[PDB]
Amino acid sequence: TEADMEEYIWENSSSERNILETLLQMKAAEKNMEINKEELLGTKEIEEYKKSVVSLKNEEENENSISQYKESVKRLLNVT
Amino acid sequence: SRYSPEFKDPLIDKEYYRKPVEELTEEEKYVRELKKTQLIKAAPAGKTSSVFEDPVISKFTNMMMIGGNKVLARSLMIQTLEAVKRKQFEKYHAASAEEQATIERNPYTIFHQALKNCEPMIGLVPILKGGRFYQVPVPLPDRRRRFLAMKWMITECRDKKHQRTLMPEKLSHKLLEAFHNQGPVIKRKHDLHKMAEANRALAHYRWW
Amino acid sequence: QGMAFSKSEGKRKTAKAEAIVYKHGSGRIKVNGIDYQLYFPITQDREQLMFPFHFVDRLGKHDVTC
Amino acid sequence: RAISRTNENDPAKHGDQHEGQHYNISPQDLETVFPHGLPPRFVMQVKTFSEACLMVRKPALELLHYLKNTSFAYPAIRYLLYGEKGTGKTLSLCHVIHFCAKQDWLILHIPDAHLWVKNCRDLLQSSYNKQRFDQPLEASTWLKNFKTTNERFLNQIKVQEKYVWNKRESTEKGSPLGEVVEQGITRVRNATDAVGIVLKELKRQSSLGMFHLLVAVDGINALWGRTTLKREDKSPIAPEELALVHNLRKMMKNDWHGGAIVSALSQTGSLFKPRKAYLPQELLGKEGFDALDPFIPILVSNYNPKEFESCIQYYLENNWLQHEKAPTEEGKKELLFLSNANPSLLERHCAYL
Ligand SMILES: Nc1nc2c(ncn2[C@@H]2O[C@H](COP(=O)(O)OP(=O)(O)O)[C@@H](O)[C@H]2O)c(=O)[nH]1
């Protein structure tokens, strides 16, 4: 059972699924057909988002975690 | 019980002690009081030196509480106050101009006027002389008559009820009727007064 | 680095408290880390804790963490 | 001397210079723009003053500046408004819904998701919803106030898919959206099926530049939180078995485009959640975390002395302070500690004195 481990794996997770769906919708709306998940995986923004969500899943919620989460979301979605 | 003698009462007023340098008598009094500084009793969980309350309201809230439910009595008092406030504002905004200008929206003055109107003036006592109980009118102090009026209002708001009636708006309507000099508590007061007047020929049986 | 730092005790009706009064914050009360609003939902405790700060005319300039 | 009743009803002009401005709203505007989410403890402050005055908050105005450059090609982005219980979370969304409603957007206003979960007596099953037990008594209320939400685009969206209703009526092509919503209301036997067909219709038209769908849900804690409703054999059901909420969960998954949805975490109904919890994760649970979507959380802080002075100066002009020993300068600090910079706590004390 992968739902009872020490750390929440970003791979094959619902967070990865919905962020990939969001990236697909964004690439389809921006008139871009060349989509590559391996290229988008190496982005620093999605890596920061993964680190933030893993830290929030592991350690309890405080303030710096949600602050970094909001910052990563605002820097990745490209919305002011 | 758990408090020795020669102890004073916890003070509530603050502005009187914020600058106690008026004259000399009270200065010497407070100096001699603070010299030996006896063990003053602690403040209970019901008194506050704030200026947004009233001792009569606190006494009525304490009398309303049945058993041990301070939060329930406090919530009921807050509901009654907000209900009378809403009713005052609704009857103010739904009028003309002279009526809106000749009346106020302060519920404290209305409550004080209702208490002063529902306060009785004379009391009867069942003096047992020779084997019969005859009512004799006797004078009563201010605090006793105030407490009697408060308890009469409380028991009228409590006992006198049917099934569809509520409690906050019920007490609000009762207070609004008592302020207008036409209320059931005023009716009971008038009945007691006329009963005492009908038996006014028994004042010679008193001994004090 | 604890300016305006002071502690005290207290025992009444089987209750032990250790208040930490400061003279450099706003006007809030912290009970066991969290604020007093989540721990004292009734206005009675709020008035009982406001009475000492009201008797000295010092409210928005003293912060405590008991 | 507090500047409050000077700015007109224009959310698109609220800038950094209009700090603490009690703007007035027309009474007819509240009936159309806000026909769903209305707190019962605030309507009393509207019928007595006849002026929908709301203090401009710092975290509330900050969200309006983010929507000034929000592209329509990007998918829906949630904007959760969390904070301390009482600092203004349920009504903080009203300062944003009134802004997007004036820009000609599709407002999908939802009252409170707490009532859709708890306190549900009548229960009825369904067959055309993948076998799920939904609430038929709730669909008869949200569909009535939906027509008066946006009377400028419901008569333009045309039906582009045949929907087989029952064994006697159906839906034809080229029909306006305003008639499909008010079609199953007269038939309570299948009135709970309209909330699963109309809501999924705007997903296709929201991608165009003529329609801007915006889901205005108040309280996402009950959408993913567990329920307390039992069947006929005393057994609590799962929140993934109700057709009324099953189709609503799919909407908050950025499946369309055109603007961004909004949210507002409340506290009037958070099942299995403690009162000493104000964090979004501690009030939604594990089910309210795996599908949160990259959103922008906004922390609702307390009040500053700049806004606290605007509170007392607003009620003095309306002869609300009927107490004698109260306008004293020393007594102004007393009301600050009784509320501890909280608007809802101060409103309770000001409701009678
Ligand atoms: N939303 C909102 N509430 C306000 C405002 N000004 C004062 N308030 C009051 O602040 C209180 C906030 O309560 P709220 O936090 O939403 O209650 P909750 O939803 O149960 O957590 C309300 O009862 C309002 O009466 C305002 O501008 N917006």
# chains A, B, ... in the order shown; residues from 1 in each chain; ligands from 1
$ residues_near_ligand --ligand "ligand 1" --cutoff "8 Å" --atoms "only C-alpha atoms and all ligand atoms" --output "tab-separated table (two decimals) with N, CA and C atoms, in the first residue's frame"
chain	number	residue	atom	x	y	z
D	39	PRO	N	-25.08	35.90	4.55
D	39	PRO	CA	-25.06	35.48	5.95
D	39	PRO	C	-26.26	36.03	6.70
D	41	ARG	N	-26.57	36.81	9.79
D	41	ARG	CA	-26.20	37.77	10.81
D	41	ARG	C	-25.74	39.11	10.23
D	42	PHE	N	-25.93	39.33	8.93
D	42	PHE	CA	-25.57	40.58	8.30
D	42	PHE	C	-26.72	41.27	7.58
D	45	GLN	N	-28.09	44.31	9.30
D	45	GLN	CA	-27.35	45.55	9.14
D	45	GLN	C	-27.65	46.26	7.83
D	53	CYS	N	-22.95	49.20	3.19
D	53	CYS	CA	-21.62	49.73	3.46
D	53	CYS	C	-20.71	48.61	3.93
D	54	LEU	N	-19.54	48.50	3.30
D	54	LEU	CA	-18.55	47.50	3.66
D	54	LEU	C	-17.18	48.15	3.70
D	55	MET	N	-16.45	47.94	4.79
D	55	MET	CA	-15.13	48.53	4.94
D	55	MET	C	-14.14	47.86	3.99
D	56	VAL	N	-13.36	48.67	3.28
D	56	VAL	CA	-12.37	48.14	2.35
D	56	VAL	C	-11.23	47.52	3.14
D	57	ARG	N	-11.06	46.21	3.00
D	57	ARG	CA	-10.02	45.48	3.71
D	57	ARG	C	-8.78	45.34	2.84
D	84	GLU	N	-8.61	33.61	10.58
D	84	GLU	CA	-9.16	33.35	11.90
D	84	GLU	C	-10.68	33.44	11.87
D	85	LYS	N	-11.32	32.60	12.68
D	85	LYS	CA	-12.78	32.55	12.75
D	85	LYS	C	-13.34	33.86	13.28
D	86	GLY	N	-13.78	34.74	12.37
D	86	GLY	CA	-14.39	35.99	12.76
D	86	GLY	C	-13.78	37.21	12.10
D	87	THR	N	-12.59	37.06	11.53
D	87	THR	CA	-11.89	38.17	10.89
D	87	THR	C	-12.46	38.54	9.53
D	88	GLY	N	-13.58	37.93	9.13
D	88	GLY	CA	-14.18	38.25	7.85
D	88	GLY	C	-13.75	37.31	6.74
D	89	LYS	N	-14.39	36.15	6.66
D	89	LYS	CA	-14.10	35.16	5.62
D	89	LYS	C	-15.29	34.85	4.74
D	90	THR	N	-16.50	34.80	5.31
D	90	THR	CA	-17.69	34.54	4.50
D	90	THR	C	-18.06	35.75	3.66
D	91	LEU	N	-17.98	36.95	4.24
D	91	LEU	CA	-18.34	38.17	3.54
D	91	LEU	C	-17.18	38.77	2.74
D	92	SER	N	-15.96	38.25	2.91
D	92	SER	CA	-14.84	38.74	2.13
D	92	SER	C	-14.98	38.40	0.65
D	93	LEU	N	-15.74	37.37	0.31
D	93	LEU	CA	-15.97	37.03	-1.09
D	93	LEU	C	-16.93	38.00	-1.77
D	94	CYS	N	-17.78	38.69	-0.99
D	94	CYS	CA	-18.72	39.64	-1.57
D	94	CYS	C	-18.00	40.83	-2.21
D	95	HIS	N	-16.82	41.18	-1.70
D	95	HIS	CA	-16.05	42.27	-2.28
D	95	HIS	C	-15.42	41.90	-3.61
D	265	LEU	N	-13.49	30.14	2.45
D	265	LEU	CA	-13.63	29.16	3.52
D	265	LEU	C	-14.39	29.77	4.69
D	266	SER	N	-15.46	29.11	5.10
D	266	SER	CA	-16.30	29.57	6.20
D	266	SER	C	-16.15	28.63	7.39
D	267	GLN	N	-16.95	28.88	8.43
D	267	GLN	CA	-16.91	28.08	9.65
D	267	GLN	C	-18.30	27.71	10.15
D	268	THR	N	-19.36	28.05	9.42
D	268	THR	CA	-20.72	27.75	9.87
D	268	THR	C	-21.04	26.26	9.79
D	342	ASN	N	-11.49	42.37	15.55
D	342	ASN	CA	-12.35	41.40	14.88
D	342	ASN	C	-13.66	42.10	14.52
D	343	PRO	N	-14.07	42.05	13.25
D	343	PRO	CA	-15.31	42.75	12.87
D	343	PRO	C	-16.56	42.06	13.37
D	344	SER	N	-16.59	40.73	13.36
D	344	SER	CA	-17.79	40.02	13.79
D	344	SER	C	-17.97	40.07	15.30
D	345	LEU	N	-16.87	40.12	16.06
D	345	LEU	CA	-16.99	40.23	17.51
D	345	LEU	C	-17.45	41.63	17.92
D	346	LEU	N	-16.99	42.66	17.21
D	346	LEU	CA	-17.43	44.02	17.51
D	346	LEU	C	-18.87	44.25	17.09
D	347	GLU	N	-19.33	43.56	16.04
D	347	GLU	CA	-20.71	43.73	15.60
D	347	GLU	C	-21.70	43.19	16.63
$ interface_residues --of "chain D" --to "chain B" --cutoff "8 Å" --atoms "only C-alpha atoms" --output "count of residues only"
10
$ select_by_dssp --residues "region 263-325 of chain D" --states "helix (DSSP H, G or I)" --output "PyMOL selection string"
chain D and resi 280-284+305-317
$ closest_atom_pairs --of "chain A" --to "chain D" --cutoff "12 Å" --atoms "only C-alpha atoms" --output "JSON lines"
{"residue": "A:3", "atom": "CA", "partner": "D:286", "partner_atom": "CA", "distance": 11.5}
{"residue": "A:8", "atom": "CA", "partner": "D:290", "partner_atom": "CA", "distance": 11.3}
{"residue": "A:10", "atom": "CA", "partner": "D:290", "partner_atom": "CA", "distance": 11.4}
{"residue": "A:13", "atom": "CA", "partner": "D:290", "partner_atom": "CA", "distance": 8.6}
{"residue": "A:14", "atom": "CA", "partner": "D:290", "partner_atom": "CA", "distance": 6.1}
{"residue": "A:15", "atom": "CA", "partner": "D:290", "partner_atom": "CA", "distance": 6.2}
{"residue": "A:16", "atom": "CA", "partner": "D:290", "partner_atom": "CA", "distance": 9.8}
{"residue": "A:17", "atom": "CA", "partner": "D:291", "partner_atom": "CA", "distance": 9.5}
{"residue": "A:18", "atom": "CA", "partner": "D:293", "partner_atom": "CA", "distance": 6.8}
{"residue": "A:19", "atom": "CA", "partner": "D:293", "partner_atom": "CA", "distance": 7.3}
{"residue": "A:20", "atom": "CA", "partner": "D:293", "partner_atom": "CA", "distance": 10.8}
{"residue": "A:21", "atom": "CA", "partner": "D:254", "partner_atom": "CA", "distance": 8.4}
{"residue": "A:22", "atom": "CA", "partner": "D:254", "partner_atom": "CA", "distance": 6.9}
{"residue": "A:23", "atom": "CA", "partner": "D:75", "partner_atom": "CA", "distance": 9.5}
{"residue": "A:24", "atom": "CA", "partner": "D:75", "partner_atom": "CA", "distance": 10.3}
{"residue": "A:25", "atom": "CA", "partner": "D:75", "partner_atom": "CA", "distance": 7.1}
{"residue": "A:26", "atom": "CA", "partner": "D:74", "partner_atom": "CA", "distance": 6.0}
{"residue": "A:27", "atom": "CA", "partner": "D:74", "partner_atom": "CA", "distance": 9.4}
{"residue": "A:28", "atom": "CA", "partner": "D:73", "partner_atom": "CA", "distance": 9.3}
{"residue": "A:29", "atom": "CA", "partner": "D:73", "partner_atom": "CA", "distance": 5.7}
{"residue": "A:30", "atom": "CA", "partner": "D:73", "partner_atom": "CA", "distance": 7.2}
{"residue": "A:31", "atom": "CA", "partner": "D:73", "partner_atom": "CA", "distance": 10.1}
{"residue": "A:45", "atom": "CA", "partner": "D:294", "partner_atom": "CA", "distance": 11.8}
{"residue": "A:46", "atom": "CA", "partner": "D:294", "partner_atom": "CA", "distance": 10.6}
{"residue": "A:49", "atom": "CA", "partner": "D:294", "partner_atom": "CA", "distance": 8.7}
{"residue": "A:50", "atom": "CA", "partner": "D:294", "partner_atom": "CA", "distance": 11.0}
{"residue": "A:52", "atom": "CA", "partner": "D:294", "partner_atom": "CA", "distance": 11.3}
{"residue": "A:53", "atom": "CA", "partner": "D:289", "partner_atom": "CA", "distance": 9.8}
{"residue": "A:54", "atom": "CA", "partner": "D:290", "partner_atom": "CA", "distance": 11.5}
{"residue": "A:56", "atom": "CA", "partner": "D:281", "partner_atom": "CA", "distance": 9.3}
{"residue": "A:57", "atom": "CA", "partner": "D:289", "partner_atom": "CA", "distance": 9.1}
{"residue": "A:60", "atom": "CA", "partner": "D:281", "partner_atom": "CA", "distance": 9.4}
{"residue": "A:61", "atom": "CA", "partner": "D:281", "partner_atom": "CA", "distance": 7.6}
{"residue": "A:62", "atom": "CA", "partner": "D:279", "partner_atom": "CA", "distance": 8.7}
{"residue": "A:63", "atom": "CA", "partner": "D:279", "partner_atom": "CA", "distance": 9.7}
{"residue": "A:65", "atom": "CA", "partner": "D:297", "partner_atom": "CA", "distance": 11.7}
{"residue": "A:66", "atom": "CA", "partner": "D:297", "partner_atom": "CA", "distance": 7.9}
{"residue": "A:67", "atom": "CA", "partner": "D:297", "partner_atom": "CA", "distance": 8.5}
{"residue": "A:68", "atom": "CA", "partner": "D:296", "partner_atom": "CA", "distance": 10.8}
{"residue": "A:69", "atom": "CA", "partner": "D:294", "partner_atom": "CA", "distance": 8.3}
{"residue": "A:70", "atom": "CA", "partner": "D:296", "partner_atom": "CA", "distance": 5.4}
{"residue": "A:71", "atom": "CA", "partner": "D:296", "partner_atom": "CA", "distance": 8.3}
{"residue": "A:72", "atom": "CA", "partner": "D:294", "partner_atom": "CA", "distance": 8.7}
{"residue": "A:73", "atom": "CA", "partner": "D:294", "partner_atom": "CA", "distance": 5.6}
{"residue": "A:74", "atom": "CA", "partner": "D:296", "partner_atom": "CA", "distance": 7.0}
{"residue": "A:75", "atom": "CA", "partner": "D:296", "partner_atom": "CA", "distance": 10.7}
{"residue": "A:76", "atom": "CA", "partner": "D:294", "partner_atom": "CA", "distance": 9.0}
{"residue": "A:77", "atom": "CA", "partner": "D:294", "partner_atom": "CA", "distance": 8.1}
{"residue": "A:78", "atom": "CA", "partner": "D:74", "partner_atom": "CA", "distance": 9.1}
{"residue": "A:79", "atom": "CA", "partner": "D:70", "partner_atom": "CA", "distance": 6.0}
{"residue": "A:80", "atom": "CA", "partner": "D:66", "partner_atom": "CA", "distance": 5.6}
$ interface_residues --of "chain D" --to "chain C" --cutoff "8 Å" --atoms "only C-alpha atoms" --output "MDAnalysis selection string"
chainID D and resid 275:276 330 333:334 337:338 340
$ atom_distance --atom1 "CA of residue 212 (chain D)" --atom2 "CA of residue 106 (chain D)"
5.2 Å
$ interface_residues --of "chain C" --to "chain B" --cutoff "8 Å" --atoms "only C-alpha atoms" --output "ChimeraX atom specification"
/C:42,44,47-48,51,54-55
$ write_last_selection --atoms "C-alpha atoms" --output "compact mmCIF listing (two decimals), in the first residue's frame"
# COMPACT_ATOMS: atom_id res chain seq x y z
CA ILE C 42 -17.05 33.11 26.26
CA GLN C 44 -16.65 36.20 30.67
CA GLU C 47 -13.64 40.51 30.59
CA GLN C 48 -11.89 38.86 33.55
CA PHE C 51 -10.12 43.96 33.99
CA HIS C 54 -8.34 48.21 32.19
CA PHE C 55 -7.61 49.15 35.81
$ residues_around --residues "residue 136 (chain B)" --least-positions-apart "4" --cutoff "9 Å" --atoms "only C-alpha atoms" --output "NGL selection string"
:B and (123-127 or 196 or 199-206)
$ write_last_selection --atoms "C-alpha atoms" --output "compact mmCIF listing (two decimals), in the first residue's frame"
# COMPACT_ATOMS: atom_id res chain seq x y z
CA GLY B 123 -46.84 46.28 50.76
CA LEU B 124 -49.24 44.15 52.76
CA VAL B 125 -48.34 41.73 55.55
CA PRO B 126 -50.47 38.81 56.88
CA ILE B 127 -50.41 39.72 60.57
CA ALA B 196 -54.38 47.58 50.00
CA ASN B 199 -58.24 47.28 53.54
CA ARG B 200 -56.85 50.64 54.70
CA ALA B 201 -58.82 50.40 57.98
CA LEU B 202 -56.26 47.99 59.49
CA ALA B 203 -53.27 50.31 60.01
CA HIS B 204 -53.83 50.40 63.79
CA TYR B 205 -52.76 46.74 64.16
CA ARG B 206 -49.13 47.58 63.33
$ residues_around --residues "region 173-177 of chain D" --least-positions-apart "4" --cutoff "7 Å" --atoms "only C-alpha atoms" --output "number ranges by chain"
D: 154-162, 181
$ write_last_selection --atoms "N, CA and C atoms" --output "mmCIF file, in the first residue's frame"
data_model
loop_
_atom_site.group_PDB
_atom_site.id
_atom_site.type_symbol
_atom_site.label_atom_id
_atom_site.label_comp_id
_atom_site.auth_asym_id
_atom_site.auth_seq_id
_atom_site.Cartn_x
_atom_site.Cartn_y
_atom_site.Cartn_z
ATOM 1 N N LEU D 154 -27.725 34.237 -19.758
ATOM 2 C CA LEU D 154 -28.481 32.990 -19.707
ATOM 3 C C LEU D 154 -29.405 32.841 -20.909
ATOM 4 N N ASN D 155 -29.826 33.954 -21.507
ATOM 5 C CA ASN D 155 -30.676 33.928 -22.688
ATOM 6 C C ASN D 155 -29.884 33.852 -23.986
ATOM 7 N N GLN D 156 -28.559 33.728 -23.909
ATOM 8 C CA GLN D 156 -27.709 33.649 -25.089
ATOM 9 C C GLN D 156 -27.074 32.282 -25.291
ATOM 10 N N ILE D 157 -26.758 31.568 -24.212
ATOM 11 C CA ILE D 157 -26.150 30.248 -24.326
ATOM 12 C C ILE D 157 -27.166 29.284 -24.924
ATOM 13 N N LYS D 158 -26.842 28.732 -26.089
ATOM 14 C CA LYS D 158 -27.717 27.804 -26.790
ATOM 15 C C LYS D 158 -27.305 26.368 -26.489
ATOM 16 N N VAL D 159 -28.295 25.486 -26.397
ATOM 17 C CA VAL D 159 -28.041 24.076 -26.124
ATOM 18 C C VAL D 159 -27.509 23.414 -27.386
ATOM 19 N N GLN D 160 -26.375 22.725 -27.258
ATOM 20 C CA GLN D 160 -25.722 22.063 -28.382
ATOM 21 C C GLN D 160 -25.580 20.561 -28.144
ATOM 22 N N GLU D 161 -26.473 19.986 -27.341
ATOM 23 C CA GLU D 161 -26.433 18.558 -27.053
ATOM 24 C C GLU D 161 -27.817 18.109 -26.607
ATOM 25 N N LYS D 162 -28.291 17.003 -27.172
ATOM 26 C CA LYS D 162 -29.601 16.473 -26.819
ATOM 27 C C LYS D 162 -29.528 15.748 -25.480
ATOM 28 N N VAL D 181 -33.091 25.672 -17.296
ATOM 29 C CA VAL D 181 -33.001 25.692 -15.839
ATOM 30 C C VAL D 181 -34.391 25.647 -15.217
#
$ select_by_dssp --residues "region 2-189 of chain B" --states "strand (DSSP E)" --output "JSON, numbers by chain"
{"B": [123, 124, 125, 126, 127, 128, 129, 132, 133, 134, 135, 136, 137, 138]}
$ atom_distance --atom1 "CA of residue 129 (chain B)" --atom2 "CA of residue 144 (chain B)"
25.1 Å
$ atom_distance --atom1 "CA of residue 332 (chain D)" --atom2 "CA of residue 5 (chain D)"
21.8 Å
